[PDB]
Amino acid sequence: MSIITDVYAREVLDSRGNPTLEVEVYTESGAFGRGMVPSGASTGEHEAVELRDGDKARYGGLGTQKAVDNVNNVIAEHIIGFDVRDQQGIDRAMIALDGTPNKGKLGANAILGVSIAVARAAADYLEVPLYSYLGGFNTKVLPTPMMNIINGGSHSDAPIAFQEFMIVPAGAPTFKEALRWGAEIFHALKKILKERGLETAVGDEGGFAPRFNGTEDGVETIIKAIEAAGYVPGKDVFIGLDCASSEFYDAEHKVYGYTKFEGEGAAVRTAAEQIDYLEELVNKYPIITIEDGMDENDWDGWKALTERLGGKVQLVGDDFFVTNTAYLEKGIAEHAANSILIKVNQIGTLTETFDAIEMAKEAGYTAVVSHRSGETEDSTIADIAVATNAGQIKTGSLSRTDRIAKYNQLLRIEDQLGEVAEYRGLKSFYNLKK
Amino acid sequence: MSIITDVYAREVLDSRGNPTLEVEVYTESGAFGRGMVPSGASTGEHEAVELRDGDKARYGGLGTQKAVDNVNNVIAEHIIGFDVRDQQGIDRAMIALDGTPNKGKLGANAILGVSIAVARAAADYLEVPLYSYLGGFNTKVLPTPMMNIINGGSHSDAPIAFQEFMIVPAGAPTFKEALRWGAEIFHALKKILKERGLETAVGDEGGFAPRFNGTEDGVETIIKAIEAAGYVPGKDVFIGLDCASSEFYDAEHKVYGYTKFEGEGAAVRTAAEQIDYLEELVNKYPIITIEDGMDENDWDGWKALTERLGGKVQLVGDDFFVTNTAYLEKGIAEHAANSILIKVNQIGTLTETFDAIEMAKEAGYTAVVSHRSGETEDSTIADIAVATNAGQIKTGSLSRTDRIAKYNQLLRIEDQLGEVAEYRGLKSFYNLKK
Amino acid sequence: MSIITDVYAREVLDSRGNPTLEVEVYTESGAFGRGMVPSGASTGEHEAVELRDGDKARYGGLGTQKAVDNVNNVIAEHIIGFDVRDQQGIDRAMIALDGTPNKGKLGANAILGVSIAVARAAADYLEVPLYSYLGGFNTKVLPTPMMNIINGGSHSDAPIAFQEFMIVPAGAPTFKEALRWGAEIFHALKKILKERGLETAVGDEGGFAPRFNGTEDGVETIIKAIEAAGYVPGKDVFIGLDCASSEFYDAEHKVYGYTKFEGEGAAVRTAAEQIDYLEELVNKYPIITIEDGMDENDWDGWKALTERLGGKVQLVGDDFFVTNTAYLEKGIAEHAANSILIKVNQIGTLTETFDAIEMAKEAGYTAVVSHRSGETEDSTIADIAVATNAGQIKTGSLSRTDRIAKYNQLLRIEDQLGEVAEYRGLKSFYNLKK
Amino acid sequence: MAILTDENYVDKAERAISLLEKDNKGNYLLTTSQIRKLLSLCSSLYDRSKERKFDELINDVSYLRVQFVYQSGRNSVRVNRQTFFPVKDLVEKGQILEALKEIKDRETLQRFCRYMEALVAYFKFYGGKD
Amino acid sequence: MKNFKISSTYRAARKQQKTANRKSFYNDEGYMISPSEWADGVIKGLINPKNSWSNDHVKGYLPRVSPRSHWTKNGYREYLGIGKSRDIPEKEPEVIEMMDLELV
Ligand SMILES: [Mg+2]
Ligand SMILES: [Mg+2]
Ligand SMILES: [Mg+2]
């Protein structure tokens, strides 16, 4: 009735034209679940690694046929016969079946696809919404969106070291209003960039990568777009950063060389000077979030940055924690960062994703459910964000259905919740003080 | 058990960040269907118009709350009670309830959303795939895709007057191989443009808009990308054009002015000169498709172009025919074009879409199911193409989930059909001799 | 089939012999849920009040016929027709129908009984365990039990001002072993009290209330029982205190007068002296938690106590926060305590209970789901503790089944969880360091 | 001051009824069937004020006033999903209640009755329906 | 209506006699109108879309309605329209009148 009868994987395309896989789960009564895996990384020291074919004559070595065969010929036989509502048991069985810390034998993509498909099939069997199945009865908080609007760093050729600039409409009454505000600021920025003769064609996440003079130019243009849309910066819409400082960090010189992206006249700053630069940016602009402000190995720099700025601006560790429970626990013990970026494919299963989210929540940190560069039409991360009541999501810009699908799912969730739906905005930043 | 008990529309976003709507249909036994509407045009004399709010405060006058209320208050009361498998009856009831030729009272988006949601709910009730429900038991043909890869005209600042350039992998054995070839050619073109220093960001349809020297430069770079991927131009992969010649048409002087897009020194061509230019392009390059080679009102030019090139080149009427049964019948009688571009939201109803496809097929024309600039995660047009056995689809490039979703649905359909699945390729161009 | 069809209420007895109510909910398909209410307080400025009949002829004025009639006549007609899985909507409807901040019109007991009955009927309809319905798929943590061993204060004639002494077997590997250790220490202490001539009769919560020579004698006897059972104090089993300082606090002189419970020769301490005395007790004994160490209105003294002992010792606010959202928010903002005692009948609704639990969790506080002095055979708070993964519970001693029922429910939950169940023990005290 | 004088009540009826509400088609909303009892009472009271003095006509005036305040709130006409209360707007625009308040002797009573006759006459003039 | 429900036989009769496919529409005054003007009036707000249409007619004198059931405290099924009700009926009103010439 709920016993899993069929587990079947196939190879599909992601939003970047690269192969990924999807897994379909069928039970006895006809309950159906489909999980599509976002594209992650096949290399990593302590992050779950996805399995790639490595056949240079097929998709440039990015095929996912090996992981499809792993699902169809290994995982399917182990999982068929389980109860579809035994998500923790199935995920534990798959982890034990892989037998390696980084899920390299079967592939983290294969395991994640089976986990998502099983969870969705169980929600289909129970005839409950997916967020209701995942987070229980008390799921009401619509996450505060952190919408990427301008790209820098290695995502653009402009002289900007920081990788992402984002708008956070934390002053909106509802999620529907926040989405409308974000879309209107997006279109106002599009108009402003057209007037200035800058490029408008969008990147991987749907945001622009224009030719700016620097970080201050981009932040000021974002402020101008916010005001052109008709909203107050620092009251209605705030600014978030994704510096990705690990890209321009000299390991042996222990400096943050901005010259890699900002020309030979840029500022090569130490960890302390980087802290003062971030503090200057926070005191100058309505910046409420900074992501990857220090290198993934600059633990002392992260602790000093948290001491200096951890009470007024959210500090998110993306590569600092790489959704690893061990790294998150060490960072909590050492008072480094106050927020973790949750990526479901960098850990492997939904059980461990929720374990990381609850460990971050129990320590006062904020969990930000995040997209990847290669996404799909699957919008499970919106259901994860609502189910955990995380209160924050980072699912891209307002310009591609790889990103807009999550916003549409959040709109559907808010409509379904109705009068019990809650949008908290600045209250979602419970890691901050006042 | 199949009686419709609920019709509910809600306003969501599209792939460009502009509002559209989605409809959900619930029947008595719990069968569920969801239809999302691609964004079309609210203006036009001889095509179905969409209903926009026009309130400049909300979304810049592009809100769809009016059409959502038309579904929830007008269409819902009439449709609730019908059998969900009565697609034609529901569609005719909606058309009669509107009362206008252009569906401007209720909105074409509203009617199309209800039509798609009803068809999907009927397929869900019958527990059959959507293409099987739409087209019957004899659904086997996988469409040959025309993948947009380079954009010019109004979508690029380069001196190119042709709106779109496309690759057609008609030499593939299966659709899976055709998709792999398209993705590899896309990535090879991306590498070539990166080496050339041209912009690599994608547009609305997922393709690049580089700054080429001209049309010949763009076609030659496409051929270089085809050969860099290891495929033969003119045997494995062909080239299609979407001229959109109505954009640079000087109607007052009855002349085609390339000076609008290709600079001040661009050549000026009459109808005969435009035919000669298209024929020269066909002779120089492996061009198998030309779309909107003439203006939507140049009927004599269309007749002359079909008399000159119709025996070896597919000529598609997009603005010429506007998915209109009357215009298509007039073109069939006057031997104008040999193909029609089919957009479901330009007609507003699945019944009329299938009527137009059947009329095109009965006259030797090919029907090409197409996308719009703003799409959704809805991939119904793939099921429409497979259900009608149309043999051709035009659903964008290989770079955004608004386009990749249709290719993923076609991959799923091909996997479902198994041995039955057919990919004609060059044989899907039955309008061409030999 | 999930539509609430019948809501019945009746008057039953609690563990103290005083009346309470129970509510049964039948849905359309026959799903059934029974919720019993623990006895609470009908008076209080900022806690939910229960409705008593006030008829001194019946049950000494403690009958619950008025609230039973409120459920049977008022609440039932409003709730019937709702979906049984719409717990948040039902709870909001009952709160609105009461129309009082402290739920004094209908009674908190009535609303809580309907909430519990609805949740259990929804879990029965879905054929899922109650903790799975309440907390979702990621419910695995078996709470660490702080179980009462010795009583004092107003519950005993001993010269001890501290209300409760508790044993916490946080060194146990599993919850089964923790329960076995608690039972064996309980029996060893019973033998020790028998060999000393002290009375071994149990009180309301199941613990002994013997006459000692003071607090130090009581803690020494508990440590001796821990060693006699074969376990190491400070590694296997820890000591918890419940001072209930509001009982022996004189607000006029702002001093904690131990002369109320320890005799004429007792010492009178100020806020600083009280904090010093708690610090000396912590440094002398393996005390891991102190509950109500300072008066419920002494915010400065609570802040000083958290400044001094709040890093290494858990500080639970029972009367300090009274399971109130506003008090919890004020304490979080003011850095007062690091734990909250959650009593479900102090608010009267499962939705608000879970909201308080998540609010405490997000601030780094621990939520301790607590029993009442008059309990029932209902064991829902065990499923509440497991569903929220709170990691700590407080359900009395190891005697009367009004306590043993919750431990049996936790044993059942651990057995169903199997290999998934986690007993964190000392790791569930995440509000502390290292 | 007084709202009704012998030189202006006729012209006052013009301004009272010309501003009455109207359906979209232009016809009136009030009909004679709604103000029938009020006109009958006014006519009878005017008829009796000739022979019988005012010290025992106060109760008839109070009955007329309570009847006005009843028929104003009772009568309602619903057109195009929109309800309207024509007698109340007639009383409001024509200041019927305020005129009733100033009735203190025979002369003002007869002036008020003639004002009511003017109101109904001119209402019939502009296409009022029976 | 809570004491009763729509009967299954009437629902089936309405289902495949297809009475819902032949709806009639009315304006605010209850006069029959075409679906186009009904849609026009509902959009402009001159018609209430809820109470302004009819589902043709079901042929065959079928009972439209069946009793609705509920659960007692024993867990048994019971009709919703039966129970303790009340107790006030008197006996009758015997009005004598033993003089009326009753026609045969
Ligand atoms: Mg990053
Ligand atoms: Mg076109
Ligand atoms: Mg207490």
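Values reported hereafter were calculated over all heavy atoms of this structure, with side chains retained and with hydrogens, waters and symmetry mates removed. When a ligand or atom number is given, it counts from 1 through the structure's own listing order. A, B, ... follow the sequence lines: proteins, then strands. Residue 1 opens every chain.
- Atom CD in B:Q163 sits 10.0 Å away from atom CZ in B:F248 (nearest 0.5 Å).
- Under 2.8 Å from the Mg ion (ligand 1), one finds the following protein N/O/S atoms: A:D242 OD2, A:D318 OD2.
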List the steps, then state whether side chain to side chain donor-acceptor pair (under 3.5 Å) holds for A:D319 with A:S246. CA-CA 8 Å; A:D319 291 331; A:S246 313; 4.6 Å; no
Could you walk me through whether A:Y256 and A:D298 pass side chain to side chain donor-acceptor pair (under 3.5 Å), step by step? CA-CA 11 Å; A:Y256 292 86; A:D298 206 6; 2.9 Å; yes
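- Side chains of C:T395 and C:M147 form no contact here, defined as non-hydrogen atoms less than 4.5 Å apart.
- Using the six-membered ring where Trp is involved, B:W299 and B:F320 have ring planes that are tilted, between 30° and 60° apart.
- Of all non-hydrogen atoms in A:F261 and A:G153, the two that sit nearest each other are CD2-O, 3.4 Å.
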